[PDB]
Every structure is written in structure tokens, then in C-alpha cells.
Amino acid sequence: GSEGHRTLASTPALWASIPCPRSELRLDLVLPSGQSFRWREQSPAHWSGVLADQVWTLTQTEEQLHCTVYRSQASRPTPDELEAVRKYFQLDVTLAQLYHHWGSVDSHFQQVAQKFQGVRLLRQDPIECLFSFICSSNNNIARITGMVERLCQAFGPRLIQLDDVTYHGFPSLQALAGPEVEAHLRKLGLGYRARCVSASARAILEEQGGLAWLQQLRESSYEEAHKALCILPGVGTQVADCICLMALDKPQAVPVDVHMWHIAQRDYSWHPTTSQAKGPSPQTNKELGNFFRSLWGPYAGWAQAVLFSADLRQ
DNA sequence: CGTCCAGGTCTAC
DNA sequence: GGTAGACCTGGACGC
Ligand SMILES: CCOCCOCCS
Ligand SMILES: [Mg+2]
Ligand SMILES: [Mg+2]
């Protein structure tokens with residue numbers, strides 16, 4: 001009871017609650033669906049991971065999101081700590097209101113939304129998001145998830161151990177820019193993305209003026225932010241859109257991968273009309289992103305997250 | 001066991 | 001501009 005990952009049943013006094021209906025949040029549809037790669041369902045309905053530099057376990061009942069933290073004596077999370085959870089889930093954004101809107105303007109969205117409630121966007125750290133999505137390219141979620149864990153294990157600071165799992169914070173730019181990072185990441189199975197991690201960490205610190213440059217894209221425009229990210233090695237349109245949506249507070253950013261292509265054709269009979277290219281291409285991928293913005297409006301990326309997630313499950 | 005595929009990015013024509 | 005091929009890996013899918 002004192003050791004291992006906590007459950008709600010087994011250590012009741014160490015949990016605290018955040019009011020939040022399952023209609024506003026389904027952990028099981030958000031945490032393994034390729035937004036963040038850093039959460040594991042270590043016991044049934046309990047998700048463990050690192051969030052604002054500490055380890056947490058999260059579980060839900062119909063009206064509550066229950067939260068425990070591992071930091072000192074074992075105790076309930078504090079009000080300030082609980083805030084970090086609220087911010088990470090962006091719980092001020094009311095998902096019932098967005099679903100209504102998207103539902104009204106798109107009857108296909110209405111149909112999928114009935115069976116896939118509580119899919120919202122996490123608000124992620126820019127560095128973690130940048131380097132996770134560099135690992136995402138031409139890859140599947142199961143393998144990306146391992147790549148990311150091994151990366152944090154080798155280069156990130158040791159937080160705490162539960163059972164046989166040692167949690168690590170996400171690596172700094174400095175660690176990722178270090179000597180022989182590529183060769184090390186190649187032995188950890190990252191393949192060609194090993195080079196991209198080293199190169200982007202160095203590009204940021206040595207050519208772009210460091211962490212500040214990345215962080216300040218939050219206050220910049222989607223279009224400025226998206227252009228700025230594309231200069232980095234391993235960061236194309238898609239990876240940049242993932243970062244803008246998931247880390248830089250750009251809700252209108254819509255990543256366009258093979259899933260979204262399939263969704264467009266199957267469920268909207270979409271075809272490009274500004275370019276003569278039949279398939280995925282820079283100009284057809286731009287157009288498809290514009291189609292979804294025009295359809296769903298300024299939170300189109302959030303709508304994308306609902307159908308993307310629902311397409312993973314089918 | 002050989003292709004094909006997964007939250008693509010690159011350069012080269 | 002739209003197009004093709006190279007780059008890691010390891011599960012799923014046939015033949
Ligand atoms: C998909 C292969 O290209 C990845 C980005 O270019 C190489 C720099 S690390
Ligand atoms: Mg606690
Ligand atoms: Mg780039």
C-alpha cells in the first residue's frame with residue numbers, strides 16, 4: 001500500500017478531486033491517443049505520468065477527476081498543485097460548448113461525437129512537444145512511445161521510482177545538444193530521428209537564441225509560429241502543426257497526416273481543388289488544413305483531435 | 001520472409 | 001509547383 005503505484009481504493013486519503021464530468025474529459029481517449037506519449041495505464045483506469053516536473057496518477061469517476069502526486073511525507077495534492085492539472089487539461093475550455101458548435105456546422109461530426117465524448121487537447125511544454133513530435137515522423141504511436149521513454153531515461157533527470165518504473169523529467173536543450181547524443185539515440189532505436197534531435201537542440205541554442213525563442217512563439221501568431229518551427233531539422237508542416245496546436249496555444253492549427261487524409265475522403269468526400277495533385281503533397285496538405293478550418297472554425301485543431309482519436313480506435 | 005504501413009521531412013527533377 | 005525516392009524500426013499482413 002505504501003509502495004508501488006497508488007489506486008483510489010488503496011490509498012483514499014492521498015487523493016484529491018477536481019470537479020469534471022466524463023463529458024468534459026475521457027482520460028482513456030486523450031492520454032494514449034498520440035498527443036502526449038508520457039502516460040501509462042499502470043493499473044486499470046489509473047494513468048501515471050509526469051506533469052509539471054512531478055509524477056502523478058489520475059483516475060476518474062462520473063463527475064470527478066481524482067488526482068494523486070508523488071513528490072517528505074505522503075499527502076493529498078495541494079490547491080496549487082491541482083491547478084497544474086487543471087491547466088494541463090485546459091479545463092476552462094468547455095468541451096460541451098465546442099461539441100455543440102462543431103455538431104451544428106458538421107452533421108458527420110455530430111454522428112462521431114455521440115460515441116467519443118471528452119476528447120480535449122492537453123496543454124504541453126514546448127520542448128517536450130517539439131522533441132516528441134520529431135520522434136513521431138513516419139512512425140506509429142506504440143514505437144514513438146518507447147522512443148520517447150528511452151530518450152527521457154537516458155537524458156532526463158531522475159524523479160522517483162514506483163514499482164520497477166523510474167520516472168524521468170523531459171531532457172533539457174543542453175542535454176539534447178550534448179556530445180554523442182545522436183550515436184546514443186541510435187543505440188536506443190530512434191533511427192534517423194536521432195540526428196534530428198541533436199540537430200534541433202543545437203539549432204535552438206546555437207542559431208535561434210535558445211529556449212526563449214521557442215517559448216515566445218506562444219504570444220506569436222499561428223502563421224509566425226508555424227513558419228519559425230519549420231526551419232528546425234525534422235520539423236515539417238505536420239510536426240509544426242502538432243506543436244502549434246498542442247504546446248503554443250494555436251487552437252486553429254490542424255495537423256494533416258494519413259489519418260486526416262483518410263477521414264477527409266471517406267467522411268467528407270474531399271478532394272483538392274487549388275492543386276492538380278491527387279495525393280498528399282505540400283500544397284494539397286495546406287489546402288486540406290484550410291478546409292477543416294473553414295468547416296470547424298477557430299478551434300478546428302481541437303475538432304481534429306476528436307476525429308483523429310476516434311479513428312485510432314477503429 | 002518480403003512487402004506495407006505508421007501522426008513525414010528532405011532534396012532533386 | 002508536383003513528383004519520386006531515401007531514410008530507421010518493428011509489428012501486421014499476405015503468400
Ligand atoms: C524523414 C527524414 O528526414 C527527417 C528530416 O531531415 C533530416 C534532418 S534530421
Ligand atoms: Mg498525493
Ligand atoms: Mg524543417
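The basis for the numbers below is simple: all heavy atoms, side chains too, and nothing from hydrogens, waters or symmetry mates. Chain naming here is simple, since letters A, B, ... match the order of the sequence lines and numbering starts at 1 in each.
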TODO: Could you list by number each residue of residues 249-268 of chain A showing a heavy-atom separation from DNA chain C of less than 4.0 Å, or answer none if no residue does?
DONE: none
- [ ] Provide the distance between the two P atoms, one in B/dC13 and one in C/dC7, to the nearest whole Å.
- [x] 15 Å
TODO: Could you list all the side chain to side chain donor-acceptor pair (under 3.5 Å) pairs where at least one residue sits in residues 149-165 of chain A, not counting sequence neighbours?
DONE: A/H5-A/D163, A/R40-A/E149
Open item on the list: Taking the six-membered rings only, are the centres of C/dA4 and C/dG5 under 5.5 Å apart with their planes within less than 30° of each other?
Closed with: yes
Task: A/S48-A/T57 side chain donor-acceptor pair, cut-off 3.5 Å - done: yes
Open item on the list: If I pick the P atom on C/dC13 and the same atom on B/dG7, what distance separates them, to the nearest angstrom?
Closed with: 14 Å
Task: A/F116 vs A/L307, side chain to side chain contact (heavy atoms under 4.5 Å, CB included): CA-CA, chis, key distance, verdict - done: CA-CA 8 Å; A/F116 293 92; A/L307 308 193; over 6 Å; no
Task: B/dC4 to C/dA6 separation - P atoms, rounded to the nearest Å - done: 14 Å
Task: Donor-acceptor pair between A/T11 and A/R6 side chains, under 3.5 angstrom - done: no
- [ ] Could you work out the separation of B/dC5 and C/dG5 based on their P atoms and round it to a whole Å?
- [x] 15 Å
Open item on the list: Using a strict heavy-atom distance below 4.0 Å, which residues from residues 127-147 of chain A are in contact with DNA chain B?
Closed with: A/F133, A/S136, A/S137, A/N138, A/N139, A/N140, A/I141
Task: Selection residues 225-242 of chain A - residue pairs positive for side chain to side chain donor-acceptor pair (under 3.5 Å), sequence neighbours left out - done: A/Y222-A/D241
- [ ] Assert yes or no for the condition that the ring centre distance of A/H66 to A/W56 is strictly below 6.0 Å.
- [x] no
Task: Between A/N285 and A/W261, a side-chain donor and acceptor under 3.5 Å - done: yes
TODO: Measure the distance from CD1 on A/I243 to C1' on B/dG8 and round it to the nearest whole Å.
DONE: 13 Å
- [ ] For B/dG8 versus C/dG1, give the span between their P atoms, rounded off to a whole number of Å.
- [x] 25 Å
TODO: Using Watson-Crick or G-U wobble pairs with both distances under 3.5 Å, give me DNA chain B in dot-bracket, 5' to 3', with [ ] for crossers and | for pairs to another strand.
DONE: ||||||.||.|..
- [ ] Return the residues of residues 229-237 of chain A meeting this criterion: a heavy atom under 4.0 Å from some atom of DNA chain B. Order them by number, or give none.
- [x] A/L232, A/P233, A/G234, A/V235, A/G236, A/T237
Task: Value rounded to 0.5 Å, distance of CZ in A/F37 from OG in A/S136 - done: 6.0 Å
Task: Ring centroid separation A/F109 to A/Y99 under 6.0 Å - done: yes
Task: Sugar pucker assignment (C1'-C2'-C3'-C4' positive north, negative south) for C/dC7 - done: south
Open item on the list: What residues from residues 285-314 of chain A pass a heavy-atom cutoff of under 4.0 Å to DNA chain B?
Closed with: A/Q304, A/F308
Task: Within residues 192-210 of chain A: residues closer than 4.0 Å to DNA chain C (heavy atoms) - done: A/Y192, A/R193
TODO: Would you please name every residue forming a salt bridge (charged side-chain N to carboxylate O under 4.0 Å, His left out) with A/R293, sequence neighbours left out?
DONE: none
Task: For the student: nearest non-hydrogen atoms of A/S275 and A/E287, plus distance - done: OG-OE1, 3.5 Å
Open item on the list: Determine whether A/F155 and A/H184 satisfy the following criterion, ring-ring contact (aromatic ring centres under 6.0 Å, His included), listing intermediate values before the conclusion.
Closed with: CA-CA 10 Å; A/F155 292 104; A/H184 197 343; 5.3 Å; yes
Open item on the list: Could you check whether the six-membered base rings of B/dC4 and B/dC5, which sit next to each other in the strand, have centres less than 5.5 Å apart and planes tilted by under 30 degrees?
Closed with: yes
Task: Close approaches to DNA chain B from residues 109-116 of chain A, in residue order (heavy atom, under 4.0 Å) - done: none
TODO: Return the set of residues passing salt bridge (charged side-chain N to carboxylate O under 4.0 Å, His left out) with A/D311 (not counting sequence neighbours), or none when no residue passes.
DONE: A/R266
Identify all pairs in which a protein N or O lies below 3.5 Å from an N or O of nucleotides 1-6 of chain C, and state each distance.
none

